[PDB]
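First comes the structure, then the notes that go with it.
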Amino acid sequence: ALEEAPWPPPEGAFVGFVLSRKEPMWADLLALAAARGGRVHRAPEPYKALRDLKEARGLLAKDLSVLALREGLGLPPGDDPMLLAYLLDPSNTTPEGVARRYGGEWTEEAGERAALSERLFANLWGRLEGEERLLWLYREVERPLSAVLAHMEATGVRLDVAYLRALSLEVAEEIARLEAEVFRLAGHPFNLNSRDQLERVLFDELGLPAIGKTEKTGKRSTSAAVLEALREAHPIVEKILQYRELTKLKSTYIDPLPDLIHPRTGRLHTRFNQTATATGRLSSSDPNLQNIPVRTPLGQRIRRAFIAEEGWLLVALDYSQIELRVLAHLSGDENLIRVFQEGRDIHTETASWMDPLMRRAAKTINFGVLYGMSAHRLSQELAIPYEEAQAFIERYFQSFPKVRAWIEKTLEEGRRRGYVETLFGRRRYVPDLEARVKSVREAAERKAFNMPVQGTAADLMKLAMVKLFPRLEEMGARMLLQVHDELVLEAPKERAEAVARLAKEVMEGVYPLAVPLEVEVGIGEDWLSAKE
DNA sequence: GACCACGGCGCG
DNA sequence: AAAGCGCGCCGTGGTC
Ligand SMILES: O=c1[nH]c2ccccc2n1[C@H]1C[C@H](O)[C@@H](COP(=O)(O)OP(=O)(O)OP(=O)(O)O)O1
Ligand SMILES: [Mg+2]
Ligand SMILES: [Mg+2]
Ligand SMILES: [Mn+2]
Ligand SMILES: [Mn+2]
């Protein structure tokens with residue numbers, strides 16, 4: 001039954017706020033409230049009232065801190081019950097669910113939100129009493145990380161807009177040429193973007209063999225894997241693949257990115273969602289800057305668009321074979337430890353076995369292999385017979401015997417405890433491990449043993465970001481992007497070299513393992529340059 | 001306009 | 001597509 005108390009609130013109050021739209025960098029601050037000591041404070045003018053707070057503590061703290069940074073204010077995020085709930089159970093991803101689950105309702109009014117924040121925090125902090133590992137992750141990783149992300153989000157990254165505009169006009173001309181071919185070959189026009197219309201053309205009119213069907217609705221699939229299986233079975237398939245690539249990059253990146261430049265900053269701002277994934281990874285959205293193309297020649301042209309402020313350079317740091325090293329440490333496989341203790345590369349060894357484009361393939365291969373891929377799909381990818389695909393799966397695990405033993409212990413443990421955990425104790429609940437439908441059970445198993453490996457690499461990286469960020473600010477350098485095992489920094493030209501050495505070392509020393517973490521670093525005027 | 005399910009595909 | 005995992009956004013297609 002909170003009481004209206006005059007703004008401002010006492011120091012250390014829980015904040016509620018309402019935004020015109022989810023994106024902090026783009027939102028209007030509609031309302032701002034705070035709660036403390038059995039009272040609620042509703043600010044008369046939200047923007048002015050921001051100045052009174054000294055830290056944002058409450059649901060979605062980082063977002064409001066991001067909006068504060070955009071206004072020239074340094075209001076860092078503090079406690080956020082979402083981070084508590086997320087650590088308790090990573091399926092806790094939204095305030096709607098968290099409130100439903102731990103004792104309130106997520107409404108649209110800042111006061112009730114500030115109130116909700118306060119009681120949700122009490123209750124969750126209660127639930128976390130005694131979970132000392134999760135408390136450690138909260139204090140040493142997540143809560144400090146929120147500040148770092150708020151700064152990355154507010155900073156943004158520079159984009160060569162004029163370049164992409166020109167690229168759009170070029171690519172559009174290429175697409176029209178391929179559309180025309182496809183339409184001719186099909187003997188009539190139709191919407192090449194409609195997978196439904198395409199399917200009737202390929203499998204009914206052209207009478208091509210229907211490899212596979214789609215998951216939910218059982219239509220005949222027109223996916224790249226299926227089209228690749230028909231690249232020589234007919235010429236029109238080939239062009240379809242190329243129309244898909246261009247339209248995919250044009251409509252997802254080339255055309256939308258330029259129109260998202262912020263007016264005040266002149267830069268492009270993503271959101272780094274901190275309670276979004278089941279393994280502990282971050283995600284990026286609005287726009288997603290974690291899937292900017294890079295694997296093909298055209299995508300590379302897109303990456304070139306991401307450039308440094310004049311007088312600065314981008315610094316790109318990227319852990320080598322990160323999840324493999326984690327697997328060595330997690331499992332104890334001596335043969336795999338040695339692989340890394342003596343500077344061996346097995347992403348390059350799976351390339352010649354099966355340059356920069358051939359190494360990306362061995363990356364899809366050795367990772368697909370490792371996480372329970374099927375002999376069937378491996379045979380199909382590598383273009384070899386099923387007989388040969390099983391032997392790359394026999395040897396790939398013969399070499400490193402303790403991995404399978406680790407997989408088993410992990411699954412056995414997740415069955416008893418109902419969850420699996422990373423090196424630091426981050427939990428993921430995986431209930432279907434005792435499912436009586438084999439398929440459902442074995443999916444769960446693949447989810448279960450991947451988590452500690454992907455989630456440990458994410459713990460390490462978050463920790464590296466937490467340690468590295470203070471050093472960058474004191475050097476006048478900036479942290480721009482994180483792509484799971486990678487960081488892009490922006491540095492004044494004359495500090496760029498020292499920043500790279502420093503960041504490389506911080507990341508490599510984040511938390512020593514039974515195997516060394518190695519980092520590749522590069523420096524350049526654009527994101528593509530910085531990774532050569 | 002808003003929403004959503006689906007197939008599809010980009011990156012890690 | 002199939003016994004890899006984790007995401008977010010696209011166009012289409014359908015509703016309200
Ligand atoms: O689960 C998959 N499937 C993948 C397919 C292609 C590429 C990576 C894949 N990964 C994950 C594993 C790891 O978390 C991260 C490493 O990211 P990448 O930088 O791409 O690879 P890498 O660390 O093995 O080696 P390298 O840095 O010398 O290139 O990506
Ligand atoms: Mg061209
Ligand atoms: Mg989906
Ligand atoms: Mn990488
Ligand atoms: Mn890497």
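In the structure tokens, the first chain shown is A, the next is B, and so on; residue numbers restart at 1 for each chain, and ligands run from 1 in the order shown.
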
Subject >> All helix (DSSP H, G or I) positions in range 92-271 of chain A, as a ChimeraX atom specification >> reply: /A:95-102,110-128,132-155,161-186,195-205,224-228,235-254,257-260

Given only C-alpha atoms (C1' of nucleotides), how would the per-residue table for chain B near chain A read, listing every residue at most 8 Å away with its closest atom pair and distance in Å to one decimal, sorted by chain and number, as a Markdown table?
```
| residue | atom | partner | partner_atom | distance |
| --- | --- | --- | --- | --- |
| B:6 | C1' | A:216 | CA | 7.6 |
| B:7 | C1' | A:214 | CA | 7.4 |
| B:8 | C1' | A:223 | CA | 6.6 |
| B:9 | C1' | A:248 | CA | 7.6 |
| B:10 | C1' | A:291 | CA | 5.5 |
| B:11 | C1' | A:291 | CA | 3.5 |
| B:12 | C1' | A:484 | CA | 5.7 |
```

TODO: Provide as JSON, numbers by chain the residues of chain C at most 7 Å from chain A, counting only C-alpha atoms (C1' of nucleotides).
DONE: {"C": [1, 2, 3, 4, 5, 7, 8, 9, 10, 11, 12]}

**Request:** Find the spatial neighbours of residue 390 in chain A, counting only C-alpha atoms (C1' of nucleotides), within a cut-off of 10 Å - ignore same-chain residues fewer than 2 positions away - and output them as a list in words.
**Result:**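 In the requested form, the answer reads residues 374, 375, 376, 378, 379, 385, 386, 387, 388, 392, 393, 394, 395 and 396 of chain A.
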
**Expected answer as a list in words: strand (DSSP E) residues in range 198-440 of chain A** =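 Of range 198-440 of chain A, only residues 271, 272, 273, 283, 284, 285, 306, 307, 312, 313, 314, 315, 316, 317, 318, 319, 419, 420, 421, 427, 428 and 429 of chain A fall in strand (DSSP E).
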
Just N, CA, C and O atoms for this one: save the residues we selected as a PDB file, in the first residue's frame.
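Wrote it out as result_25.pdb, contents follow:
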```pdb
ATOM      1  N   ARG A 271      21.603  -3.345 -28.910  1.00  0.00           N
ATOM      2  CA  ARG A 271      21.311  -3.623 -27.515  1.00  0.00           C
ATOM      3  C   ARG A 271      21.980  -4.940 -27.172  1.00  0.00           C
ATOM      4  O   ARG A 271      21.898  -5.889 -27.955  1.00  0.00           O
ATOM      5  N   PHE A 272      22.642  -5.002 -26.017  1.00  0.00           N
ATOM      6  CA  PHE A 272      23.276  -6.250 -25.582  1.00  0.00           C
ATOM      7  C   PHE A 272      22.426  -6.846 -24.470  1.00  0.00           C
ATOM      8  O   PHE A 272      22.569  -6.505 -23.301  1.00  0.00           O
ATOM      9  N   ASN A 273      21.513  -7.732 -24.860  1.00  0.00           N
ATOM     10  CA  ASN A 273      20.569  -8.333 -23.928  1.00  0.00           C
ATOM     11  C   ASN A 273      21.285  -9.307 -23.015  1.00  0.00           C
ATOM     12  O   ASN A 273      21.909 -10.266 -23.483  1.00  0.00           O
ATOM     13  N   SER A 283      23.055 -11.753 -26.146  1.00  0.00           N
ATOM     14  CA  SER A 283      22.502 -11.648 -27.483  1.00  0.00           C
ATOM     15  C   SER A 283      22.526 -10.181 -27.864  1.00  0.00           C
ATOM     16  O   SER A 283      22.687  -9.313 -27.007  1.00  0.00           O
ATOM     17  N   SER A 284      22.394  -9.901 -29.158  1.00  0.00           N
ATOM     18  CA  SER A 284      22.367  -8.528 -29.633  1.00  0.00           C
ATOM     19  C   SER A 284      21.148  -8.323 -30.519  1.00  0.00           C
ATOM     20  O   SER A 284      20.796  -9.208 -31.312  1.00  0.00           O
ATOM     21  N   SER A 285      20.512  -7.154 -30.402  1.00  0.00           N
ATOM     22  CA  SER A 285      19.281  -6.936 -31.154  1.00  0.00           C
ATOM     23  C   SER A 285      19.029  -5.447 -31.378  1.00  0.00           C
ATOM     24  O   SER A 285      19.490  -4.592 -30.617  1.00  0.00           O
ATOM     25  N   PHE A 306      31.763  -1.079 -41.340  1.00  0.00           N
ATOM     26  CA  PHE A 306      31.867  -0.780 -39.917  1.00  0.00           C
ATOM     27  C   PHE A 306      33.249  -0.193 -39.673  1.00  0.00           C
ATOM     28  O   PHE A 306      34.244  -0.928 -39.696  1.00  0.00           O
ATOM     29  N   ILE A 307      33.315   1.127 -39.457  1.00  0.00           N
ATOM     30  CA  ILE A 307      34.604   1.826 -39.461  1.00  0.00           C
ATOM     31  C   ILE A 307      34.825   2.600 -38.166  1.00  0.00           C
ATOM     32  O   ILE A 307      33.897   2.846 -37.385  1.00  0.00           O
ATOM     33  N   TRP A 312      40.917   7.376 -35.141  1.00  0.00           N
ATOM     34  CA  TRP A 312      40.912   6.169 -34.324  1.00  0.00           C
ATOM     35  C   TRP A 312      41.140   4.939 -35.200  1.00  0.00           C
ATOM     36  O   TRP A 312      41.147   5.008 -36.430  1.00  0.00           O
ATOM     37  N   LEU A 313      41.303   3.795 -34.543  1.00  0.00           N
ATOM     38  CA  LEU A 313      41.410   2.510 -35.214  1.00  0.00           C
ATOM     39  C   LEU A 313      40.597   1.484 -34.444  1.00  0.00           C
ATOM     40  O   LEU A 313      40.479   1.565 -33.219  1.00  0.00           O
ATOM     41  N   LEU A 314      40.016   0.531 -35.175  1.00  0.00           N
ATOM     42  CA  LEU A 314      39.349  -0.584 -34.541  1.00  0.00           C
ATOM     43  C   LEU A 314      40.374  -1.612 -34.106  1.00  0.00           C
ATOM     44  O   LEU A 314      41.338  -1.890 -34.824  1.00  0.00           O
ATOM     45  N   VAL A 315      40.138  -2.220 -32.951  1.00  0.00           N
ATOM     46  CA  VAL A 315      40.964  -3.319 -32.485  1.00  0.00           C
ATOM     47  C   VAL A 315      40.052  -4.532 -32.301  1.00  0.00           C
ATOM     48  O   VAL A 315      39.059  -4.469 -31.563  1.00  0.00           O
ATOM     49  N   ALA A 316      40.367  -5.616 -32.999  1.00  0.00           N
ATOM     50  CA  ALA A 316      39.541  -6.818 -33.015  1.00  0.00           C
ATOM     51  C   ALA A 316      40.288  -7.948 -32.328  1.00  0.00           C
ATOM     52  O   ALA A 316      41.347  -8.378 -32.800  1.00  0.00           O
ATOM     53  N   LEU A 317      39.734  -8.425 -31.223  1.00  0.00           N
ATOM     54  CA  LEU A 317      40.302  -9.524 -30.452  1.00  0.00           C
ATOM     55  C   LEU A 317      39.340 -10.704 -30.435  1.00  0.00           C
ATOM     56  O   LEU A 317      38.145 -10.529 -30.201  1.00  0.00           O
ATOM     57  N   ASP A 318      39.888 -11.906 -30.566  1.00  0.00           N
ATOM     58  CA  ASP A 318      39.086 -13.092 -30.824  1.00  0.00           C
ATOM     59  C   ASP A 318      39.813 -14.305 -30.258  1.00  0.00           C
ATOM     60  O   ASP A 318      40.948 -14.580 -30.664  1.00  0.00           O
ATOM     61  N   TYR A 319      39.194 -15.000 -29.296  1.00  0.00           N
ATOM     62  CA  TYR A 319      39.820 -16.179 -28.698  1.00  0.00           C
ATOM     63  C   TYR A 319      39.915 -17.301 -29.724  1.00  0.00           C
ATOM     64  O   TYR A 319      38.999 -17.512 -30.516  1.00  0.00           O
ATOM     65  N   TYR A 419      19.788 -30.125 -13.488  1.00  0.00           N
ATOM     66  CA  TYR A 419      20.435 -29.040 -14.216  1.00  0.00           C
ATOM     67  C   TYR A 419      21.897 -29.376 -14.473  1.00  0.00           C
ATOM     68  O   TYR A 419      22.476 -30.256 -13.835  1.00  0.00           O
ATOM     69  N   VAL A 420      22.473 -28.671 -15.444  1.00  0.00           N
ATOM     70  CA  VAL A 420      23.898 -28.720 -15.737  1.00  0.00           C
ATOM     71  C   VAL A 420      24.475 -27.342 -15.428  1.00  0.00           C
ATOM     72  O   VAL A 420      23.758 -26.341 -15.372  1.00  0.00           O
ATOM     73  N   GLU A 421      25.790 -27.282 -15.259  1.00  0.00           N
ATOM     74  CA  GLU A 421      26.410 -26.060 -14.780  1.00  0.00           C
ATOM     75  C   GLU A 421      27.740 -25.851 -15.489  1.00  0.00           C
ATOM     76  O   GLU A 421      28.366 -26.807 -15.961  1.00  0.00           O
ATOM     77  N   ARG A 427      23.818 -22.204 -13.952  1.00  0.00           N
ATOM     78  CA  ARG A 427      22.940 -23.356 -14.140  1.00  0.00           C
ATOM     79  C   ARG A 427      22.038 -23.184 -15.347  1.00  0.00           C
ATOM     80  O   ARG A 427      21.627 -22.070 -15.693  1.00  0.00           O
ATOM     81  N   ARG A 428      21.716 -24.315 -15.972  1.00  0.00           N
ATOM     82  CA  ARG A 428      20.626 -24.415 -16.926  1.00  0.00           C
ATOM     83  C   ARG A 428      19.822 -25.648 -16.551  1.00  0.00           C
ATOM     84  O   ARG A 428      20.388 -26.737 -16.421  1.00  0.00           O
ATOM     85  N   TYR A 429      18.523 -25.479 -16.338  1.00  0.00           N
ATOM     86  CA  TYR A 429      17.666 -26.638 -16.113  1.00  0.00           C
ATOM     87  C   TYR A 429      17.351 -27.323 -17.435  1.00  0.00           C
ATOM     88  O   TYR A 429      17.018 -26.660 -18.420  1.00  0.00           O
TER      89      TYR A 429
END
```

Selection near residue 15 in chain C, 10 Å with only C-alpha atoms (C1' of nucleotides), sequence-local residues under 2 positions removed, as a VMD selection string:
(chain B and resid 3 to 4) or (chain C and resid 13)

Taken to one decimal, the CA of residue 153 in chain A-CA of residue 499 in chain A distance is 20.3 Å

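One distance worth recording is that between CA of residue 134 in chain A and CA of residue 502 in chain A, which is 29.2 Å.
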
Closest of A:64, A:500, A:268, A:463 to residue 159 in chain A, counting only C-alpha atoms, is A:268

* To do: Can you work out the spacing between CA of residue 478 in chain A and CA of residue 15 in chain A in Å, to one decimal?
  =>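 For CA of residue 478 in chain A relative to CA of residue 15 in chain A, the distance reads 28.1 Å.
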
Within 8 Å of ligand 2, counting only C-alpha atoms (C1' of nucleotides) and all ligand atoms: which residues, as a PyMOL selection string? chain A and resi 167+170-171+174+298

Got time to write the residues from that selection, N, CA and C atoms, as a PDB file, in the first residue's frame?
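Generated file (again_37.pdb):
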```
ATOM      1  N   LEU A 167      26.238   0.383 -52.338  1.00  0.00           N
ATOM      2  CA  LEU A 167      26.208  -1.069 -52.442  1.00  0.00           C
ATOM      3  C   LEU A 167      24.789  -1.561 -52.746  1.00  0.00           C
ATOM      4  N   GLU A 170      23.973  -1.313 -56.423  1.00  0.00           N
ATOM      5  CA  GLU A 170      24.680  -2.347 -57.168  1.00  0.00           C
ATOM      6  C   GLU A 170      24.003  -3.695 -56.979  1.00  0.00           C
ATOM      7  N   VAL A 171      23.820  -4.103 -55.719  1.00  0.00           N
ATOM      8  CA  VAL A 171      23.242  -5.414 -55.451  1.00  0.00           C
ATOM      9  C   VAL A 171      21.855  -5.522 -56.071  1.00  0.00           C
ATOM     10  N   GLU A 174      22.230  -6.693 -59.493  1.00  0.00           N
ATOM     11  CA  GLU A 174      22.536  -8.114 -59.564  1.00  0.00           C
ATOM     12  C   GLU A 174      21.287  -8.966 -59.328  1.00  0.00           C
ATOM     13  N   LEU A 298      30.715 -11.172 -50.623  1.00  0.00           N
ATOM     14  CA  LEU A 298      29.796 -10.046 -50.498  1.00  0.00           C
ATOM     15  C   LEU A 298      29.626  -9.628 -49.048  1.00  0.00           C
TER      16      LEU A 298
END
```

Given only C-alpha atoms and all ligand atoms as the counted atoms, nearest of A:333, A:508, A:259, A:323 to ligand 5: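 Residue with the minimum atom-to-atom distance to ligand 5: A:323.
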
From the set A:80, A:532, A:199, A:309, which residue has the shortest atom-to-atom contact distance to residue 147 in chain A, counting only C-alpha atoms?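 Among the listed residues, A:80 lies closest to residue 147 in chain A.
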